[PDB]
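A short worksheet on the structure shown next.
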2 protein chains.
Amino acid sequence: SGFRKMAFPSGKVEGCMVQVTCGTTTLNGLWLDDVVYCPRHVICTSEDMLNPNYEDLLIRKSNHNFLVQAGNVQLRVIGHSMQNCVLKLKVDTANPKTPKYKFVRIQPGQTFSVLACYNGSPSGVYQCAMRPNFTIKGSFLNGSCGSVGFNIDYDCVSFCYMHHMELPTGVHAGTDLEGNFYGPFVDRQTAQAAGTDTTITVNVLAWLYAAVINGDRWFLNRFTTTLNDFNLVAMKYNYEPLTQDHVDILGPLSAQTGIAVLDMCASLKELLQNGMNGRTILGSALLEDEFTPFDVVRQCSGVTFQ
Amino acid sequence: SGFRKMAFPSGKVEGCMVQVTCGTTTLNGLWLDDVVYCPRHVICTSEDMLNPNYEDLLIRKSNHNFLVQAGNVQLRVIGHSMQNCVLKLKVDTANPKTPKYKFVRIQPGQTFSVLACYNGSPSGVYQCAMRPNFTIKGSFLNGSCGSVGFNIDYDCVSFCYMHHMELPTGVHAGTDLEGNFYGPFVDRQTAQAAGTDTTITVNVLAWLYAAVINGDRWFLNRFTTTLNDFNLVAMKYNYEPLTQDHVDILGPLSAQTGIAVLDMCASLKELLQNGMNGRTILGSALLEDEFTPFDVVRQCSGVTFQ
Ligand SMILES: *[C@@H](O)C(=O)N(c1cncc(Cl)c1)c1cccc(-c2cccc(Cl)c2)c1
Ligand SMILES: *[C@@H](O)C(=O)N(c1cncc(Cl)c1)c1cccc(-c2cccc(Cl)c2)c1
């Protein structure tokens, strides 16, 4: 038992992290087969970043302008191109540590592990959710650009996130690995801001099920509620609407705990209207919304990866 | 910016995880050079576990009674011995993925990353603190025995924890890698229980500094307090005493934020007496105590490992 914010083992991703330097800018790249992926703003100066014409900036670059360091081994760049907001640096060596991988784009509400790196060296791993407003509440300092977010499904790494920038509220914006930003953000220095967030309702419910599985039951009650009546309450507290598909996704957790989804919704309703009254749930005094139903099942059942 | 419960990259440890089977019991082992370390209760039946004579149980075992699987490769056991509560299985192959390592025993209040595994396969990684009562609030299901806890210092893995068992409150007890239990726990089935815990005061203060570094300041005030007067309050709220060494350890954080340690103590005092009044700190409605001053500096400054 127990419930933790658990990231995937990061080894398979660690073997892909490289250092990409262009001019005075150093950040992280992702080395898969003979390509290194990195944020295209690596080719920018500070003055460039205020109105960058990246096509202009890149045509003025040569392969030798890109220093790629894989550990203490320099990778010779033999080709470069832009794909949306990422650079693809073709290198003369295929990464022998390339895992089976996919580039997948995730949905707000889904979670992933972030391997934070600096200078191509992994620093830490932690679990993130894609907020409804397409930001992530990460932990990133200068030089973390190019750190990737990922999930692991058996032996296959699904890369979903590459870190590009921090927004003024301290949240983080980035792209999928095809270079397409999550949310309405651009890789230049504008006054862009996150935009209002909501709480991921289906995740809160999943975590309430995790709590029940782990012996926290004080928030249960005999009441039930209809989906519509719950969603009236969700709207009032800035929770996103619960759909029948969410209810279906919560079925397994419902069946394992014996608590009907709508019954758990009634419990969430009371938690929203009454607060927690000095009590905690799974060591939290807040309703946690960064565990998906899959995360709960994985952790409260015990799936591994090889 | 941002602050997350961050574990160390787990790759170096993943390459050491193996599956140890003895009879019908399967758990995880740690394969370093030509030794596999695992909980000695692997040699137990259920009936054995109620009054085990492990010396008796082990003398009745042979090398061939231990099936060690490193991935899809079977490691031939050529020797076995007990060291306290761990088994040392000598295998005919040195682990080519052996990192530089040390076996270190940690102090309550210190943190570490846990690589949760099942059947020798890494499942997830998360950050744990050694509670003052020598338990850890982990996430472990049946079959996680032998998962290890560790820290990484540049390129060297300091193994500090091997998981043995779950206590009746759902917290976890284990040994250091020399087989010596953390806390007053034994690897048999008794009525052992965790014993009362306290909150790790120096860690809470460190996290308050992390909050200030990350822009949460609402809990600051102009008041100060003496160490003695703070400790009178710490005692009342089941916080452990703050020492001058803690104050010294907090010096760097104090200097970076400009908030005197004793001033932050006055803030903690008010947080304890008044609660948080509907506000949060670093996304928590509770005072977080599983970040050490080192964890905060590492994350709020950006140290990596290679
Ligand atoms: C990489 O340079 C980097 O990691 N930056 C960073 C990312 N996340 C958090 C923090 Cl605190 C820093 C970084 C540093 C300077 C500028 C930028 C940046 C500004 C505007 C647009 C983009 Cl794509 C990047 C990012
Ligand atoms: C390994 O068997 C295992 O991982 N066990 C376990 C550990 N942590 C949490 C949970 Cl839910 C299970 C496990 C399973 C059965 C028995 C024991 C056990 C009982 C008494 C003493 C010891 Cl050392 C172990 C542990």
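Counting starts at 1 for both ligands and their atoms, in listed order. Throughout, a chain's letter reflects where its sequence line sits, starting with A, and its residues are numbered from 1.
- Of all protein heavy atoms, the one closest to atom 3 (C) of ligand 2 is B/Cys145 SG, 2.3 Å.
- For the atom pair OH (A/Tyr54) and CE (A/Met49), the distance works out to 3.5 Å, reported to the nearest 0.5 Å.
- Interface of B/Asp187 with ligand 2, defined as ligand atoms under 4.0 Å from a residue heavy atom, comprises 23 (Cl).
- Screening A/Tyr209, A/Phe291, A/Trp207 for a ring-ring contact (aromatic ring centres under 6.0 Å, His included) involving A/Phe3 leaves a single residue, A/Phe291.
- Once rounded to the nearest 0.5 Å, the distance linking OG of A/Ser147 with CE of A/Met17 reads 5.5 Å.
- Residue B/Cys128 holds its SG atom at 4.5 Å from CZ of A/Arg4, rounded to the nearest 0.5 Å.
- Under the 6.0 Å cut-off for aromatic ring centres, A/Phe159 and A/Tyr37 do not qualify, their centroids lying 6.0 Å or more apart.
- The neighbour count for A/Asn51 CG, taken as heavy atoms of other residues, nucleotides or ligands under 6.0 Å away, does not exceed 12.
- For atom 17 (C) of ligand 2, the nearest protein heavy atom is 4.0 Å or more away.
- Put simply, atom 21 (C) of ligand 1 has protein non-hydrogen atoms near it, under 4.0 Å away.
- Of all atoms in ligand 1, listed by their number and element, those nearer than 4.0 Å to a heavy atom of B/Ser1 are 11 (Cl).
- With values rounded to the nearest 0.5 angstrom, B/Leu115 atom CG is found 9.5 Å from B/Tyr126 atom OH.
- Summarising the geometry of A/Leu167 relative to A/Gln192, their closest heavy-atom pair is CD2-O, 4.0 Å, with the distance given to 0.1 Å.
- The nearest non-hydrogen atom to atom 9 (C) of ligand 1, considering only A/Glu166, A/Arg188, A/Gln192, comes from A/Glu166.
- In terms of protein heavy-atom proximity, atom 14 (C) of ligand 1 is nearest to A/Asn142 OD1, 3.4 Å.
- B/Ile106 approaches B/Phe112 most closely through the heavy-atom pair CD1-CD2, 3.2 Å.
- Considering backbone and side-chain atoms alike, B/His172 places every N or O at 3.5 Å or more from each N or O of ligand 2.
- A heavy-atom separation below 4.0 Å is found between A/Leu141 and ligand 1.
- Of all atoms in ligand 1, listed by their number and element, those nearer than 4.0 Å to a heavy atom of A/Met49 are 20 (C), 21 (C), 22 (C), 23 (Cl), 24 (C).
- With ligand atoms numbered from 1 in the order given, ligand 1 contributes 1 (C), 3 (C), 4 (O) to contacts under 4.0 Å with heavy atoms of A/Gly143.
- The protein non-hydrogen atom at the shortest distance from atom 8 (N) of ligand 1 is A/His163 NE2, 2.8 Å.
- Of all atoms in ligand 2, listed by their number and element, those nearer than 4.0 Å to a heavy atom of B/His41 are 1 (C), 2 (O), 23 (Cl), 24 (C).
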